[PDB]
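Q: Following this message is one structure expressed as structure tokens.
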Amino acid sequence: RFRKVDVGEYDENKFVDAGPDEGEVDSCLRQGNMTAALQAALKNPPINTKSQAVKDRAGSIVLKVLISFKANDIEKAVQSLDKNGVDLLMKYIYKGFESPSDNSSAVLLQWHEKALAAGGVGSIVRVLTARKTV
Amino acid sequence: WXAXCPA
Amino acid sequence: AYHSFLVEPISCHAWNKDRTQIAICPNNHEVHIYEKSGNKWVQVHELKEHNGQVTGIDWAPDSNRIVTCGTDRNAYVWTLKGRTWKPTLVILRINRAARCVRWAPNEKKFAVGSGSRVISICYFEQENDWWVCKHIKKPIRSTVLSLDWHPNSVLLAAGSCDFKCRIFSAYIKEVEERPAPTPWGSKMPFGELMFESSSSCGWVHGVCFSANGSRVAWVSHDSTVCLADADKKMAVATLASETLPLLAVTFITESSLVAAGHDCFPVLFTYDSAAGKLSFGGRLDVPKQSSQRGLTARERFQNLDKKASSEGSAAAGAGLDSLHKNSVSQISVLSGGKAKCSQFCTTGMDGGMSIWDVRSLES
Amino acid sequence: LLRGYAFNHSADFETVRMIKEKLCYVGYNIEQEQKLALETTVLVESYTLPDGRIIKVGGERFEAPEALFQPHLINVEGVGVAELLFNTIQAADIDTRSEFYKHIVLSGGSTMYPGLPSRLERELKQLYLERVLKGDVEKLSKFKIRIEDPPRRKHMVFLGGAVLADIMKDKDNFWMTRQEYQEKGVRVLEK
Amino acid sequence: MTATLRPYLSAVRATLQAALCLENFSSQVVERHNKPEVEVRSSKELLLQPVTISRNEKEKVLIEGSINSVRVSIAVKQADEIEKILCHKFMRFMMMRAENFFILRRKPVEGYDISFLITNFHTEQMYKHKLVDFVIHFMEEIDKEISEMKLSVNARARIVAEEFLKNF
Amino acid sequence: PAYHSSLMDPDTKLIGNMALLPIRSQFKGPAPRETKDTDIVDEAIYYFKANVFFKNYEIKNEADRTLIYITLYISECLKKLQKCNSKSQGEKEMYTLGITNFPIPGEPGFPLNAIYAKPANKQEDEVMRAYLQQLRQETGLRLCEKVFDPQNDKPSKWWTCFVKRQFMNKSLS
Amino acid sequence: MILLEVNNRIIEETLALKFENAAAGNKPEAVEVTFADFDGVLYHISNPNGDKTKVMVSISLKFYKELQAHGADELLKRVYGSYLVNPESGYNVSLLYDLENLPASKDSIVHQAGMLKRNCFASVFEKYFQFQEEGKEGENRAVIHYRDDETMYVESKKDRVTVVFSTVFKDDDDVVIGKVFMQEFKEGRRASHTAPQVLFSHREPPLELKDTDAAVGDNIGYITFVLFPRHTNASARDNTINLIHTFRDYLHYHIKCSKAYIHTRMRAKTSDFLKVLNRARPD
Amino acid sequence: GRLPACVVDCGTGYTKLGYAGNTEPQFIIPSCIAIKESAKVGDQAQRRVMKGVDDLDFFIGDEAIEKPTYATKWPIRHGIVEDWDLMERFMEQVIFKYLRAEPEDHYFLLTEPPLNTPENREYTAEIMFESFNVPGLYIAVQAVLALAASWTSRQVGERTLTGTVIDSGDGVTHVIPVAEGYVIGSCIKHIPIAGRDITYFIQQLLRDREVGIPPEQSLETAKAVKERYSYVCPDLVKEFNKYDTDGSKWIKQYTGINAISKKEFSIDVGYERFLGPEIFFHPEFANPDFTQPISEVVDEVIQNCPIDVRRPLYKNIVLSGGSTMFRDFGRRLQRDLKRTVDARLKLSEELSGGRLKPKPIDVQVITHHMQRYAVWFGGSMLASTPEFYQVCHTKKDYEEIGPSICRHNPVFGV
Ligand SMILES: Nc1ncnc2c1ncn2[C@@H]1O[C@H](COP(=O)(O)OP(=O)(O)O)[C@@H](O)[C@H]1O
Ligand SMILES: [Mg+2]
């Protein structure tokens, strides 16, 4: 009855180591300016915040904004953005991607394809190696 | 024992 | 200028002053030395007393000494005595591992990027006929993968895997003198943290210094390149792209920059004067490669038994030299120092070696 | 043999020496390593025999050193190297326990197995936690151990003998001189 | 597969290619070793966040990351009980002869279908794009294999029935 | 291995490495005459029916080399005698086989040459030559008297069945 | 084996071993063995007492009570002669061989004893067929549920006879496989000319079984075989009886055979998968 | 009226078969299995893939020898098995045709050699639980079954658990001691030579020492070993010269019958009358790797266990197994063991003087019936014990944990 217990209670640091809004996005959606809706969705990211509320809010809002798009202006929407904006986008799509049901697959796949066409594999590398809980 | 010696 | 020295990978490489001798780790418990022969390479010596795996080698331009820094928590300083090589035991006080090593411009001390959360610096002593070792452990919190040195030999940059790329200040008064004034800081005593990374930008796999000692650049696993310009008020420049992670760092002149990694071919960068921004340069090595094959009537039937008969060795990477040049391990320099670098060499995990040029392209 | 290879006891005993030297290694936690072995096959490795024959060894290379900490595997009523060390230290006085724990050496060529120091220190810490503090981890943090593992662990006795003879050669009152042998009521000259 | 599976395959292939990069890292926690880090789960320093590529509830994939190895777990699209049984048996028979693969695991992750494994020891002695191509090809061909097995069992049942009924 | 040599007193001399154990023979050679019927050849013939089966042989004493050589030559004798027709023909074949030039120990063409020694001086060379010739002739004379039988005047299958069971897997050839 | 046999070869083998040495003097060869066969019935061979000159064979039929109520006087003299005696073990038919009397035949008697289970089972089906053949008023339908939890029902009216099967599968793994197996049973008819109609029903039990307390539930299928004199006369009676009795074990064995077949196919495909994988290793 | 379980002793040679609670294994058949394979060339990407119902078109047992159009292919080879599909086919064929037992309402006990790897046991248990759906399963080494069967030799009422068993086999004969029910795990050795390679040597010698036999009917000719045709020999060379001297009365003759043309063929019997059985104590003849006798192996294994158990173990050595049927085997083994143990005792006494005289160690070999089969009765008693119904692994254990429940081994532990 010895080694059973962990001895891993060490001291060496095991790498011990601004949310989005809704009214503006709704106004952009009803007005029809989808580009403004997406821009507002990506704005004020939860880069520094420890609470599931803001995380789920951001995921839901970005998912809803993405779903409403059609498969004609997606290229225009992606183009009118900066590289850091593209990376933040791709991170948001990956975050909301786990969300199953409600047929939230095809649009995300098209968005990922466009991001690869523009962002490239560097976006994949950045999203994979970002300890930053975004 | 508990302290000193085994028993 | 591709060449092959072994089918299996190679860990590290080291070269002599005249670029006539080569050091290749065979990925086994030994290290081999290759020498030039006209326009050909051939083995000359065979050094082996290490029971572990070698992961770090370096060469002294003048002392002609070679250090094997690898596993087994040990390190041997090879020296030449006539026409044979003999070891020289060193003590480092390590418990986990050691990967990378590097000597100094003046050949008075060497450092080891140990995997035991510690960085060790050693110097020669004639009293006990040994190699004493000091330790730096204050700010370090994880493994160190890359070490580079500064002309004066007092400043050391030890890349790690904790988002940081930090300069240190090591000064052993026994074999060191007061350095001249430097813009960075005050050249404080050994075992202290000078400065840290401005923020979190991926891990670190390499570091490079400058002759003027005013600019430091490093790469990261997050497909990013950094350039810490200390001449200004610690101006920091950044750049990124879609390329796969880089695993090396080096530059030609005060503005140029070179790097390579999993992209399978060199990538060139540059730094502006006042704009504080970098740029990109594509395939400075050459335009592209070529592919070829043959009938091989024997092979046409041999492959069908195991693989598909129609199968072959052709791959999408043949056109852009991305077929056999599997990844890049590190980089080196050929002529002079980090001022003009008329030629640059790179190591490959494929088990081979290759050379390039910077002027033969002639823009 | 289980794997299905037939071996003798004449020369292959020396043959397995190199294979044990290269491939054999000891573990940190038995459970994790066993789960890794049964869930993965990356730890498989081989060695080129003198006759060119090739053999596969991926699981047997790990459990052989475990006999050191579990003598039960080879029909011995042992208690374990780490447990034996803890018992021996405890049976002593008190003022010496801390000094013994602080300074400890791993001598002998059979201790060159990769990972033995980690297993030993972890076991000793577990013994200290369970048999003294009854699981109180908070007081366990300050306990310190520094295993002495010189790089020249293949040969250290020869070094000691050389250094001894360096200073214990001039004076003749150290050895069993030839003259004393010719007499009776002899032997046990020193101790 | 242009309108049904092509985008999914492209996305997963890109993710694998990005996460297929690996390097040798001397053990940082246990004396001197180079064992895979993903399985051990010792230090969070090296681990990378998991990723998933999926389009339906019952089908899924997982992509891990680390210096030493990258682990991928798949979940097949099984609808009927016969599909589940056939997939389980086929994967078990694949396990029983996984030694020659040098890539595959020995038991699937809990709650998921078969999973693979990669390491720096399997990246140089074996090619790089070929492994991802094979994983992809398996992902496509699983449905073909299961449908073929289903029609084979149906034909067997038909033939046995026909053979028995003739006597009457 | 288990059935090694016997009848070797320390007084026995040697020629480089081999033991010059006396053999009783009506022929001439650098060997003496022993009244007792027992000798090296008798024991070799007695134990040949079993030594072939074993796959090892530890040379406990120097006579082990003599036993090895005699059995090795007997293998070739049996191989050549299997095609015999008449006792006179068999004796003729054995005689012409004895007066030959086979690989002498210490020279190429000889199996297990490592175990045996390499003579240096001249005289020992012809001493060994004569000793080996005498041994071969005695072995030939000894085989012909038991290999054949009073009936069928042919080599008994029981004695030629071991033709393919080459000692130590190889023969002189 | 494709058609499961009806002759238990255990009794054949043991009786052959006993009789081949029978003409060897006072050779008792005391025997006491217990066996088991399909339908969850236990056999038993054991001498009645210390006298080893007589060997006895017995049965442990589950539905024995129905057989006793019906009366099998036909079976007591047609197939089995004077070598049948009252039950001893559990009130179930048991026979014995009189070794003191000369046994003339060797193969015929062994074959007759080999089919004991079916020989006793036929006492009801053959009698119902006789009832409908003889013109006697249609005998009351009967239900015969054997050891298995499932049930068997038969109706013997004029101009035809009927039989219905109830199926129960225990393990969840084999339920769907058996459902698929029996789905195509009701349709395969392109290779049979003089064969009865076949149908499958699981959701709606047949109207015949509503009153009868037969196998009723949810996960239970039904199979009915329509009977006509063209395949139920004195010539094609034994074959039909053997086929119907050996129906259950036939389904079971062929299910396992299909499982082995699919195992072999997947094992074959693994080789192709490995061949495809091998493209990654270098030359 | 509970149904009896099923007892099976699978192996490389003649597979024993029958039910529990019985005094005689009813069915004893070889492992020969037929198959409708022929000459395809694509045999490594479709081994068989028999179209339609031809997959099951194969016989089994003694009836499978006399089918001259298929292939007789033994699945087992000294415990280890290359392809187990044939094993599954044989198992289904036996259970249905011969045993006629429903797996879902019966308990099966299986026996494997001690050297069987964990993987084979795990996967066979998985196959059983998946296909046959047997409610319970249990696998154990055959040594204890032999020890239990050995009680019938004499004084059954006198409980005697200690002893040791050296069992034979078609391709393996093992040594396993028992110390009052508990065996020693590390004191077990596996012998590769067995009762098959002996016949290989017999036929190899015969094919040159004699002529007058057809290539096909070789093994039937080589089976003079199973007859009275082999006696063991305290000395080798003595009998060699005895035969080479007289060679008239000691020689026997064979009068076998051809199985094709019904033409009588005869051959004499020579040195093989003893050499074969003598190979057991001189395995070096056949296997060059294992140049190690048996009796000394027995003493060594008995000398690697605690002191208190060494004494009773030598007193109980069981003669069980087909290859042990050779006459005078027990005498040779007993004499050799007595000689070596007495020599060891004398050496131990020489170093330390004393006028005492220790009571001599007693070594006795027991000869009895049941030698051909000593595993079946053990399995019968295994089944008859109610505790078997409780120790047997259950379905739910295999349901989610996996087939690892059957991985328990007597020479493993962490
Ligand atoms: N009376 C006998 N004489 C000589 N050999 C026998 C005799 N009986 C069996 N054998 C040999 O023993 C072998 C069978 O032993 P057995 O252990 O029952 O096979 P298995 O290992 O499959 O249980 C046979 O190959 C046979 O050659
Ligand atoms: Mg056996």
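The residues of chain F that appear here are 2-174 by Swiss-Prot count, in order.
Header entry for method reads electron microscopy, 3.9 Å.
Yeah, the Cβs are placed from backbone N, Cα and C, and that goes for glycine too.
Pasting the relevant annotations from Swiss-Prot:
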type     : residues : note
CROSSLNK : F:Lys14  : SUMO2 cross-link
MOD_RES  : F:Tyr47  : phosphotyrosine
MOD_RES  : F:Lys56  : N6-acetyllysine
MOD_RES  : F:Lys61  : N6-acetyllysine
Q: List the Cα distance (Å, whole number) between F:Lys56 (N6-acetyllysine) and the residue listed as 'phosphotyrosine'.
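A: Taking the Cα atoms only, F:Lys56 (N6-acetyllysine) lies 18 Å from the residue listed as 'phosphotyrosine'.
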Q: May I ask which residues of the same chain, at least 6 positions away in sequence, place their Cβ under 8 angstroms from the Cβ of F:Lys61 (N6-acetyllysine)?
A: F:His5, F:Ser6
Q: Using C-alpha atoms only, work out the spacing between the residue listed as 'SUMO2 cross-link' and F:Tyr47 (phosphotyrosine) and round it to an integer in Å.
A: 24
Q: Using Cβ atoms only, which residues of the same chain lie under 8 Å from F:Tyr47 (phosphotyrosine) while being at least 6 residues apart in sequence?
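A: For F:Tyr47 (phosphotyrosine), no residue qualifies.
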Q: Which three-state DSSP class does F:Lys56 (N6-acetyllysine) fall into?
A: coil
Q: F:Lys14, F:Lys56: which of these recorded positions has the sparsest Cβ neighbourhood within 10 Å?
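A: Selected from the recorded positions F:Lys14, F:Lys56 on minimum Cβ neighbours within 10 Å: F:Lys14.
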Q: With DSSP assignments reduced to helix, strand and coil, which class does F:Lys14 (SUMO2 cross-link) get?
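A: F:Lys14 (SUMO2 cross-link) sits in coil per DSSP, no helix or strand.
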Q: Under 8 Å Cβ-Cβ to anything in chain H: which of these modified residues pass, F:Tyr47, F:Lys56, F:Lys61?
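A: Correct list, in sequence order: F:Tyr47, F:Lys56.
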